[PDB]
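Participant:
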Amino acid sequence: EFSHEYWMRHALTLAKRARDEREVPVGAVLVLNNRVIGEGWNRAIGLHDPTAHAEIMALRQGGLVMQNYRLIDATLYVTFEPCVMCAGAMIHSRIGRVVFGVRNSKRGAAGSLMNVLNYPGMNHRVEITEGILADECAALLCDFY
Amino acid sequence: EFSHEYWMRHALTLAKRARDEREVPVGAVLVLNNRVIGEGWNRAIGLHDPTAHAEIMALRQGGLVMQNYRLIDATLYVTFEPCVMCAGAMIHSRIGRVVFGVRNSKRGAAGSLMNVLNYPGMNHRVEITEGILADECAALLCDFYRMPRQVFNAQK
Amino acid sequence: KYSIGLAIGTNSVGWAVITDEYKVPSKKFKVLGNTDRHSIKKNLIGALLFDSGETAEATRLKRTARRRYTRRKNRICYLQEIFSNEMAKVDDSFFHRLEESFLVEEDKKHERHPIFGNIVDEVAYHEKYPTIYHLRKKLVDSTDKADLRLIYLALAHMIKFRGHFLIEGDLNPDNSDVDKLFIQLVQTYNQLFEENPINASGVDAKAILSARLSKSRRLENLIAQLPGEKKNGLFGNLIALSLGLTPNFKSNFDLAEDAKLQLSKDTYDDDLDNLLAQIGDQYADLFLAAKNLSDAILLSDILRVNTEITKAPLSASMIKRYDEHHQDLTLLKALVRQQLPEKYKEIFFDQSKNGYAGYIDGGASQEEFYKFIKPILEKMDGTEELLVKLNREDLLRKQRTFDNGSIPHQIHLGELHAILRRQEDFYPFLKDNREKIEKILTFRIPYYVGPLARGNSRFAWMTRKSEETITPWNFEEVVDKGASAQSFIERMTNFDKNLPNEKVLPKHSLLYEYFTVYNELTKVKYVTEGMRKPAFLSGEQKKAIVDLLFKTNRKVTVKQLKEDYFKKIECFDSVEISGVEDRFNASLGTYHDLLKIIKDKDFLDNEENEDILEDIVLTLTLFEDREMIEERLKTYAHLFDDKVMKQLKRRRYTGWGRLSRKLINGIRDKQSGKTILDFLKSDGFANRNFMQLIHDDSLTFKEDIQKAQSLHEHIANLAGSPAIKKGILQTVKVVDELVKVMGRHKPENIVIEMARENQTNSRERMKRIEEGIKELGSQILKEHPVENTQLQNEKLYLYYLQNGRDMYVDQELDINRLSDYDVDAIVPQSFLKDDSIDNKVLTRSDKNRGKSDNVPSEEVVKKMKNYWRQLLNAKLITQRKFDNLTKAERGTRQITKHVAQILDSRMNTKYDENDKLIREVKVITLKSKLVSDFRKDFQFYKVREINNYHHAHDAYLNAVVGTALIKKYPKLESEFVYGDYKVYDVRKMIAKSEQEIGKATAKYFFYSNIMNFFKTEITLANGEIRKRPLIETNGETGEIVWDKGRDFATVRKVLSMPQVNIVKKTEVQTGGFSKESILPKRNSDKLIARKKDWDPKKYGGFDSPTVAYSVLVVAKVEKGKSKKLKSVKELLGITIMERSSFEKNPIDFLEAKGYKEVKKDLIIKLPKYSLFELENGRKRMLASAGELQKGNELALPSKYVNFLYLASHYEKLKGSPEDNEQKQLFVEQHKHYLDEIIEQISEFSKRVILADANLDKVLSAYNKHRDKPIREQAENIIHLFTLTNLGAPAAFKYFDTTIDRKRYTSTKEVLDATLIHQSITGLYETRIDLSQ
DNA sequence: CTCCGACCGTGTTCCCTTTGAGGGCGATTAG
DNA sequence: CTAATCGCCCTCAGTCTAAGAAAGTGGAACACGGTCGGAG
RNA sequence: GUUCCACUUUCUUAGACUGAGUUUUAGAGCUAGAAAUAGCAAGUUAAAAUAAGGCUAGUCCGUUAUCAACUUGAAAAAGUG
Ligand SMILES: [Mg+2]
Ligand SMILES: [Mg+2]
Ligand SMILES: [Mg+2]
Ligand SMILES: [Zn+2]
Ligand SMILES: [Zn+2]
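Chains as they are written, first to last, in the deposited numbering: chain E, 5 to 149; chain F, 5 to 160; chain B, 201 to 909, 916 to 966, 973 to 1103, 1121 to 1561.
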């Protein structure tokens, strides 16, 4: 309850709903102070928008609810390692921590392919968490593709 | 007409519109086949969205007008140099080329701080055109910041 | 590969070596000697310690005193040689008995009574003349022929103590009356000014003028009693003259020239002559009367008796003192007999009580005696007058007192001459030799001549006109006074740095002022309507401006430039001048002075007399003795008139310029043939500056100069305290040995820090207050008497400096309410780290200062200005504070640069192909604030008392921070690295900025910004957090500069390293042989004879000599009645006095001391601080031949050091309360650290200190005080560390319990220890097993 | 159209900011 | 007849002359490679 | 940082001086009591020394600075891990 596995399974349920919607099964949940503030799923094809990812939608919903572009002390859970654009958006959002699941050496910019959050040229450092339900996410991705 | 300088001048006109709105003066235009497909300017502060950059707006408009997330062979013109976020979005959009003006070698995402557009593991190579109207772009930025010695140092 | 960190202090030089990753290498060094160990691993960190270097002052004082003594002796010898023949007829052995008076009767050659040789005559003498002054007065006033021995005694007594020489000329002391003279002055003044007479008005002039106030105050009071009379007026100036002040008479007589008269100055007669020639000599008698009145009052404090009765007022005043002493002693004795005879024995018999017996026979002072008998007196009745005498300080006064220094030599000369006239009628030789004797008393070697040496005095410079022996009578003829003064001045004046062999020109040289005026004119530009750019002035225009303006008006104002030049010749209605403000800074003052004196402009303008004129100005500068200036100018008296020479004598200049004659007008460019002054006068289109001339690569001046342009001499020639020079030498040697250790590879960077040297006064304070109050006229000293040691309290000192008044509110303060008052910083401490009184102020409430963020507001200034003025005139506030208040109303260091230059010149000695220095080593200089802030920020706390490791730690952190700083921002190299600089940032300050109201705030912001890269998260003052990456890199190159995840761990490992090479510099003790005290006779072998024949058992002498260095002696000494040869090995202390004798022949010295079969090859010189190790690692340092010091350092773990620091400092570390609370909970969680620290201390003491009693008392005292608050206990545990500290044992207080120092009164164990010879760094050791 | 000639600014961090002591010595203690 | 302890103790005050450096205030430097304006 | 000019405050260096302080000696102590023991009377001054001393023989110098250990070296200086 309220642990990393709980939010990981919630994002997996969101990804299954998005797949039922015939979209990419990628979900993101932004929670601050144990309160869910943003939820999103990757629906780039369903909206004809290359920037319509789960992480981007969650960050936009969080910014709209908080009425502020800064997301200090927020935690973003995601069933997929964030890409370069998602990592840049997390940096600009000034979030507290990002918890991703299955690694992605080809697209994940959170250590697998490169490092973005803790780069020496950045003006902000974000914490990283990995290794939560990677097998289930990989199996779901293989079943979808 | 329809030359690189013409489009950069239009992008500067949009950056000046952004300056009118009291926003960071950055503009972008997405062009396909000498036809206007999308235009945008930075509207982060006034619309409370850290991703509302000129490039993002132009890419989303192009995607909507073309009803396709893939913008094969399109050219995106932007006055300033795009950040890491914008470079990633350009990669995801699969556009053909990005044309920027003045560099900025303290956050640049096209070689200065790092190379992302031409990264070896990407599934698409985006071409880069640099220095179009670099003098007007840097003068606009210096006049906006009101802090000298930065533009001259970057140019030199 | 490696950099060296250095921390240079007055008593310590810390050193460390670090690598690219902030690691300190650990190396295995070979150990030499005959011992077991062959090598030791050592960390490359340590610190050299040494005693402070001392100034040369005391040596100078001693030397001058010596010279004084010898010269006095020579005086006496002259007198005796004059009297010899006539004494031989009267008494064959008088002088012999005189010279042997110190010898005991058993040792005397002649009879014990010096003067006459028998009891009856001696008793008769002492009965008729109880004091010498009786004989003086009788010999001056009487007419009977006197015994030659009494005459000699008088003359010798007057000659041996001649009195001071502070007043010049002669005095007329016949006139003793102040009232009649003042009434006469007022009379003649009222005669000369019939229109307005002064009323005598019953002004008690005697009391006001002779009161114990300052000259100025007495003047103010005098003229306050006079209606309509101003201090600047004629009569006011005359009163000022009689008071010893310097008044100016020019405004009274409409004289354009200054007319300042000082009765003490030897030029008074000539200045008055000139004044009377200007104004008419009918006023001469007037000033004569003023002088006569000054004479009648000069000595009123001492003589106290009308000069009518006698011609010897001094001797008469002494006889008076004697009689009053006698009478009051009889009276006091009678009183104590009548009323308290039980205390009579205590008053007149006990030498130890400070009574009358202690006063006369014991070492009790007049003050201590007075304080002693004050209560006895006041408790009794019938002593109403004795108290009056006591307050006058005139109760039981002696004749030889501390206050007799006021007596001028002119009165002793008067009495001498009187006696000579009296007795020259009976003795012809006194008549024939009167002048000689008078010249013996009068003569005084001039300070500008110096020691009368003959080529064997390092300090002397005087030159001999002839090779005679110098006496007081032939001094003027034998000594070349002129060349001696010339040497006196030329041996001290600076030489031109550009031309080191050339003397600097006089500051008022005509050439120097031509150079300066032209150097200023050369950079003046002008523009007109026609021309297209502003143009320089040409040669013709410059000659025009000089000849027309500079040679006609003494000073040239900007208004005169505009109107008389710019308007008349260029028709310019307005123009701007940029380098001078409202007037030309340069001026031809000497040209107009001379023009006024010689009155012949054409003489001055002739170029051929330039050298002559320069020589005249040189003479005018070189001398100030008018008789010598006149002698120097006597040659040119024929060129214009006697009057011009008379006027030229008075003209005097002081000061010397900066450049030489050859630099300004001597060097000629080979191609041009023109001197610097020629280019300044005319250089065509480019009006090149002197700086440009000196730096123009096209011209050959710079290279022609660069021709002319020892480590110990170089360091000794610097300006500063000898202590820091000592430190400089030590650090240079340390650097050398470090380079040798590192295989002769030079370091990449040398980061140097220097400790605050400004910190390294009761008498001065008492003087300041005394003067300020006397001038102010306040009674607060009489109402509340203070003592110097009371002024050490800051609030009290302030209170007295402000005359018990509020500084902001114009109200009185209370000497009982200082705890309620506040000490406010004038300029807030946040901007200026000034802790002195110059920036501190005592007020009842800081709210009355005005605004909190600034200097006191304009209202406070308006309200308090006049009070501050009064404090300024009373010297109660300085000039700096005043000038800061005023402008506030109208809106690293040189020594470190010298060090950096010495290091850079020693390390970089090679030149590239372009003949430019190859800077292989970068010298970086940092201030202490960087490392201090770094320690505070990252909790690398420092507690000095735990051990000496902090000296090394500071150097390590200096190196680290320096290398990091230069690595991250290489462009700041110009600021932080010596040498190559950047000529910019001057135009940047001509533009508006965010906040540039003060350079201090700019520096603050700057340093607070640059050092942010060390932190991981920043908290701005808005409740805002700022994040920084984990790895810090330099953008342009990408090289990693810092790693927050590992560099801190390395720093902590370095700080925690247990073994650190702390080496105390062994030094041979030098200076005085022993204590100066001369003790009474005593049967003890410690008493050292004061003279060869003065056996200390009979005469006493000196005691407690200082051992220069010990020496190991192995030999044999007789034992028992049969003189068996026993074998001995012991330490014999060679005293400083014995040193030379021991070095000249040690074998003979030891044989004379009682040693036999001395093994010469086993003699080991053991200077102070020699290190000896004993088993279990316990070590001792040689403190003396009979005492040892502690030789160990307690390495306390860093956790306990930080805990102790945080626990001792509670009312500090401001900011967010959360961190303070977390530190409080850390203390309460780790309170057991106290017990662990005391356990550690106990283990250490039991293993090394070996003082069971002191340790048991520590343990007990701590056991009783465990209940007390942790803060107190922590502070007193910090106190506990002096038991374990290095060096001499010392006493300490723990929780009000005082622990006397446990000294090590034996040296036996050292004699079987292992001697450790240590290098300067302590890396190389030679251990000697003293088993032999 | 190359040749002659007077002229001028950019350089520190900075690209939405943080504001008195210590060794000597006599008298006492201790085996 | 030896050594180890405990207290007590320790030269000082002032005047004048000269030169220099070293802090705080003020006023001014320590240059050149193109580069744009005219010419016969 | 270097450097040209003006104002102030401190410090350093060298010179000429003064007044004290300390130590021995001369200031015929008296009256009972052999002695311990006690009473009474004076008490202010003066001479010499003021680092022991040295030769260069001066009306000069003598308390500043410098100095781990060994080796090669009159001094200086260089080498040794
Ligand atoms: Mg002598
Ligand atoms: Mg006496
Ligand atoms: Mg010494
Ligand atoms: Zn993404
Ligand atoms: Zn962007």
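Ideal Cβ positions, reconstructed from N, Cα and C, are used throughout, including at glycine.
1. Assuming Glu1225(B) contacts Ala1231(B) (C-beta within less than 8 Å), just tell me the rounded distance between them.
2. Starting from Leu1054(B), trace the beta strand (DSSP E) both ways and give me its first and last residue.
3. Looking at the C-beta of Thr79(E), does it have a partner C-beta in chain F at a distance below 7 Å?
4. Please write down, chain order preserved, every residue whose beta carbon lies under 7 Å from a heavy atom of ligand 5.
5. Along the region 61-72 of chain E, where does the CB come closer than 8 Å to a CB of chain F? Name the residues.
6. Between the region 78-108 of chain F and chain E, which residues of the former have a C-beta closer than 7 Å to a C-beta of the latter?
7. Does the beta-carbon of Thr83(F) have 16 or more other beta-carbons within 10 angstroms, so that it is buried, or is it exposed?
8. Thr1511(B) to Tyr1178(B), Cα distance in whole Å?
9. Can you list, in chain order, the residues of its chain whose CB lies under 8 Å from that of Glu1416(B), leaving out five sequence neighbours each side?
10. Could you give the distance in angstroms between the alpha-carbon of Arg362(B) and the alpha-carbon of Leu641(B)?
11. Would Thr17(E) pass as an interface residue toward chain F - the criterion being a Cβ-Cβ separation below 7 Å?
12. Taking contact to mean 3 or more Cβ pairs, one atom from each stretch, closer than 8 Å, check whether the region 982-993 of chain B and the region 1149-1160 of chain B are in contact.
13. Grab me the residues of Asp1558(B)'s own chain with a C-beta within less than 7 Å of its C-beta, minus the 5 sequence neighbours each way, in chain order.
14. Output the distance between the C-alpha atoms of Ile509(B) and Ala459(B), rounded to the nearest integer angstrom.
15. By DSSP, does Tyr647(B) sit in helix, in strand, or in coil?
16. Chain B beta carbons: is any one of them nearer than 7 Å to that of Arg129(E)?
17. Counting contacts by CB-CB distance shorter than 7 Å, is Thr1266(B) in contact with chain E?
18. Would you kindly work out how many angstroms separate the C-alpha atoms of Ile864(B) and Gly1208(B), rounded to a whole number?
19. For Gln538(B), which of helix, strand or coil comes out of DSSP?
20. Along chain E, in chain order, which residues have C-beta atoms closer than 8 Å to that of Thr55(F)?
21. Mind checking whether the beta-carbon of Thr1299(B) lies closer than 6 Å to any heavy atom of ligand 6?
22. Is it true that the region 26-41 of chain E meets the region 6-13 of chain F, where meeting means three or more beta-carbon pairs spaced less than 8 Å apart?
23. Is there at least one Cβ from chain E nearer than 7 Å to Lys931(B)'s Cβ?
24. With H, G and I counted as helix, E and B as strand and the rest as coil, what does DSSP make of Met118(F)?
25. For the alpha helix (DSSP H) holding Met358(B), just list the boundary residues, first then last.
26. Is there contact here, the region 76-93 of chain E with the region 101-114 of chain E, by at least three beta-carbon pairs under 8 Å?
27. If we cut at 7 Å on Cβ distances, does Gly31(E) have a partner in chain F?
28. Any residues in the region 42-53 of chain E with a beta carbon nearer than 9 Å to a beta carbon of chain F? Which ones, in chain order?
29. If we cut at 7 Å on Cβ distances, does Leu1194(B) have a partner in chain E?
30. Taking 7 Å as the CB-CB limit, is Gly112(E) close to chain F?
31. Report the neighbours of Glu1447(B) on chain E: residues whose CB is nearer than 8 Å to its CB, in chain order.
32. Buried or exposed, going by whether 16 or more other CB atoms sit within 10 Å of the CB of residue 967(B)?
33. With C-beta atoms as the reference, is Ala1414(B) less than 7 Å away from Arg1368(B)?
Facilitator: Let me lay it out:
1. 6 Å
2. From DSSP, the beta strand (DSSP E) with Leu1054(B) extends over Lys1052 to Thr1055.
3. no
4. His57(F), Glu59(F), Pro86(F), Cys87(F), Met89(F) and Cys90(F)
5. Residues of the region 61-72 of chain E whose Cβ lies closer than 8 Å to any Cβ of chain F, in chain order: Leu63, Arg64, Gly67, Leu68, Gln71 and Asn72.
6. For the region 78-108 of chain F, which is checked against every Cβ of chain E, the residues closer than 7 Å are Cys87, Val88, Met89, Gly92, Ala93, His96 and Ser97.
7. Burial call: buried.
8. 15 Å
9. For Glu1416(B), the CB contacts under 8 Å within the same chain, skipping 5 residues up- and downstream, are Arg1532, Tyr1533, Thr1534 and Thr1536 in chain order.
10. 7 Å
11. no
12. no
13. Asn234, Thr235 and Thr1543
14. 39 Å
15. coil
16. yes
17. no
18. 28 Å
19. helix
20. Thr55, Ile60, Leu63, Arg64, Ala93 and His96
21. Because ligand 6 does not appear in the structure shown, any question about it cannot be addressed here, the ligands present being ligand 1, ligand 2, ligand 3, ligand 4 and ligand 5.
22. Cβ pair count under 8 Å is below three, so no.
23. no
24. coil
25. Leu348 to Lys360
26. yes
27. no
28. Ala48, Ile49, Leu51, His52 and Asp53
29. So no, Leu1194(B) is outside the interface.
30. No, its Cβ sits nowhere closer than 7 Å to a Cβ of chain F.
31. Neighbours of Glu1447(B) on chain E: none; closest Cβ ~17 Å, over 8 Å.
32. Along chain B, the last residue before the gap is 966 and the first after it is 973, so residue 967(B) carries no coordinates.
33. no
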